[PDB]
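Q: Sequence and experimental coordinates follow.
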Amino acid sequence: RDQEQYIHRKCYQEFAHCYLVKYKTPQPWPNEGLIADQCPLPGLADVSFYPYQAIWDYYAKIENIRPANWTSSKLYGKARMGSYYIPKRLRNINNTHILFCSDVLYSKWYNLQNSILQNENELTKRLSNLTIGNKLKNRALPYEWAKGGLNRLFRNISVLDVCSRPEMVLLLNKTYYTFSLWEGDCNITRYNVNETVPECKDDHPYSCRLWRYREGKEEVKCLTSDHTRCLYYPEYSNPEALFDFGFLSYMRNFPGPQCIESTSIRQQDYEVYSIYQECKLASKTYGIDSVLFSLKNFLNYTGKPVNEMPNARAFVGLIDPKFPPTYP
Ligand SMILES: *[C@@H]1O[C@H](CO)[C@@H](O[C@@H]2O[C@H](CO)[C@@H](O[C@@H]3O[C@H](CO[C@H]4O[C@H](CO)[C@@H](O)[C@H](O[C@H]5O[C@H](CO)[C@@H](O)[C@H](O)[C@@H]5O)[C@@H]4O)[C@@H](O)[C@H](O[C@H]4O[C@H](CO)[C@@H](O)[C@H](O)[C@@H]4O[C@H]4O[C@H](CO)[C@@H](O)[C@H](O)[C@@H]4O[C@H]4O[C@H](CO)[C@@H](O)[C@H](O)[C@@H]4O)[C@@H]3O)[C@H](O)[C@H]2NC(C)=O)[C@H](O)[C@H]1NC(C)=O
Ligand SMILES: *[C@@H]1O[C@H](CO)[C@@H](O[C@@H]2O[C@H](CO)[C@@H](O[C@@H]3O[C@H](CO)[C@@H](O)[C@H](O)[C@@H]3O)[C@H](O)[C@H]2NC(C)=O)[C@H](O)[C@H]1NC(C)=O
Ligand SMILES: *[C@@H]1O[C@H](CO)[C@@H](O)[C@H](O)[C@H]1NC(C)=O
Ligand SMILES: *[C@@H]1O[C@H](CO)[C@@H](O)[C@H](O)[C@H]1NC(C)=O
Ligand SMILES: *[C@@H]1O[C@H](CO)[C@@H](O)[C@H](O)[C@H]1NC(C)=O
Ligand SMILES: *[C@@H]1O[C@H](CO)[C@@H](O)[C@H](O)[C@H]1NC(C)=O
Ligand SMILES: *[C@@H]1O[C@H](CO)[C@@H](O)[C@H](O)[C@H]1NC(C)=O
């Protein structure tokens, strides 16, 4: 009780929301380009109309002026300009586990409106119940992550999660679903929306319309003698420079087109370990000081501590880590 509540205090304040997901088979995010129209773009103005979207870190921004032989494949690989480039580091076939310290994935029983007393009580009570040792029972997870999943600990990831927790989605999503208003996708063109979209057959200005239109080939045209400052012509245009068209289409403000295609990324059940539960159990055998020291170094497996990262972004890949760690 005295040493149990002391171990709980230390284990909770440090590792309450820290978990280790093991992929059945190491499977990285399969594409270099991400189509996520549900997220608003940064916009041309100095001050954006939307608060910073973490996904903007991966934005393949179109610049109107580029050197004579500039192509998008130099910085953004196969990604479409105007959408997102997923860097090498977030699609590493060597990563076998996903370490994260975050409370953004809890289901409805956890929320800020509740006092910290209620949240802490309910989380430790669910962690005890939903674990065999330090391993979470399948019922704690979403069904998509593991068969028999009932969201008793973690909620399902949603369409907007990638806008604010991009690494969580790239690393944990079992399926990639596009959200697209790009002309050509799902065979929807500016000419056939009156046939592909049932709710349309001709109100909000954005009704029955695509966002980005198919222009043609990507090219750099040098009109003047300056060969370091030529006219860039992208494959697609944003004709009215709209930055939240897709976000408003998602938030169901009006009728019109939407293209949602799925790509299976990870197959087979995840294994999830609770680092608070591991802390609580290993401290009875090795002592709180060595368990706290060891689990802290485990959170620094990459050189940057995961518990010191912002909650929305504290999702990192590890290569064949030894868990539980060696306790001195
Ligand atoms: C990371 O992981 C996250 C977790 O998995 C993931 O989140 C999930 O994201 C997906 C993708 O956005 C979400 O699913 C979609 O939900 C759409 C909305 O559904 C509601 O509205 C519909 C419209 O009225 C209802 O039908 C629908 O009811 C159904 O679902 C209920 C549960 O939600 C269920 O209880 C009901 O019984 C019922 O079955 C619900 O109320 C939905 O519209 C969408 O469906 C399309 O896309 C699917 C995937 O490709 C297709 O399988 C499906 O058939 C639909 O495709 C059609 O429509 C598209 C346009 O919307 C077209 O592009 C397609 O080509 C296709 O169109 C053809 O067929 C039409 C008729 O079927 C026809 O009219 C057309 O002409 C054409 O022939 C899909 O289910 C999911 O809900 C999210 N999960 C959670 C928990 O939030 C996240 O996205 C991932 N992130 C990243 C970055 O990858
Ligand atoms: C999280 O995602 C899972 C899917 O992976 C959701 O579970 C599924 O939810 C649907 C809609 O409620 C269930 O469909 C219903 O099934 C009953 C019969 O079981 C049927 O009578 C209804 O007509 C309807 O089709 C589906 O059973 C269920 N699937 C599984 C495997 O559980 C879940 O609801 C999402 N969680 C939350 C909290 O949003
Ligand atoms: C651009 O490409 C052409 C064709 O390969 C080449 O001849 C030319 O020197 C390049 N321009 C510059 C400014 O390097
Ligand atoms: C994966 O590990 C192997 C062996 O150490 C290495 O050759 C390869 O470059 C690594 N891949 C990435 C994407 O770092
Ligand atoms: C977990 O909680 C449920 C709900 O009270 C209960 O039925 C179940 O027996 C509990 N499991 C354990 C390990 O006590
Ligand atoms: C788009 O058209 C091609 C045939 O030209 C077809 O194979 C493909 O499945 C269509 N896609 C959709 C989503 O309708
Ligand atoms: C994480 O490890 C690196 C060595 O790779 C070290 O420089 C850094 O101080 C460690 N962080 C902590 C909190 O000890």
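A: Great, that's in hand. Numbering: from 1, shown residues only. Ligands and ions are numbered 1, 2, ... in the order given.

Q: So for stretch 244-257, what gets flagged as buried?
A: Buried residues in stretch 244-257, counting neighbours by 16 or more other C-beta atoms under 10 Å, are found at 244-250, 255-257. The way it works is simple: take the backbone N, C-alpha and C, and place the C-beta from them, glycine included.

Q: Just the closest of those residues to ligand 7, please.
A: Nearest to ligand 7 out of the buried residues of stretch 244-257 is residue 247 (C-beta to the nearest ligand atom; 37.4 Å).

Q: Pull the contacting residues for that closest one.
A: Neighbouring residues of residue 247 by C-beta atoms under 8 Å, 6 or more residues apart in numbering: 37-40.

Q: The same query, at a cut-off of 7 Å, please.
A: Residue 247 makes contacts with 38-40, as judged by C-beta atoms under 7 Å, 6 or more residues apart in numbering.

Q: Generate CSV for those residues, with secondary structure as supplementary columns.
A: As requested, the contacts of residue 247 are exported to CSV (DSSP: H, G, I helix; E, B strand; the rest coil):
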residue, secondary structure
38, coil
39, coil
40, coil
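
Q: Most widely separated two among the buried residues of stretch 244-257?
A: 244 and 255 (17.1 Å; C-beta to C-beta).

Q: To which secondary structure element is the residue of the stretch 1-150 of the chain found nearest ligand 2 assigned?
A: Ligand 2 sits closest to residue 143 of the stretch 1-150 of the chain, with a gap of 3.8 Å, by C-beta to the nearest ligand atom. Using DSSP states H and E, no element contains residue 143; it sits outside every helix and strand.

Q: Let me know the closest of the contacts of residue 247 to residue 85.
A: Using C-beta to C-beta, residue 39 is the member of the contacts of residue 247 that lies nearest residue 85, at 14.1 Å.

Q: For that closest one, the count of nearby residues, please.
A: By the measure other C-beta atoms under 10 Å, the count of residues near residue 39 is 26.

Q: From what I see, it and residue 57 are in contact.
A: No - look at residue 39 against residue 57 with C-beta atoms under 7 Å: they stay out of range, at 11.5 Å.

Q: quick one: the strands in the stretch 151-300 of the chain?
A: For the stretch 151-300 of the chain, strands defined by DSSP state E, counting those that start in this stretch occupy the ranges 175-177, 213-214, 219-221, 230-233, 236-237, 262-264, 271-274.

Q: Residues of the stretch 1-150 of the chain that sit close to ligand 1?
A: Proximity of the stretch 1-150 of the chain to ligand 1 is confined to 36, 144 under the rule C-beta under 6 Å from any ligand atom.

Q: Check the stretch 151-300 of the chain too.
A: With the criterion set to C-beta under 6 Å from any ligand atom, the stretch 151-300 of the chain comes near ligand 1 through 156-159, 162, 169, 173, 175-177, 179, 186, 196, 198, 258-262.
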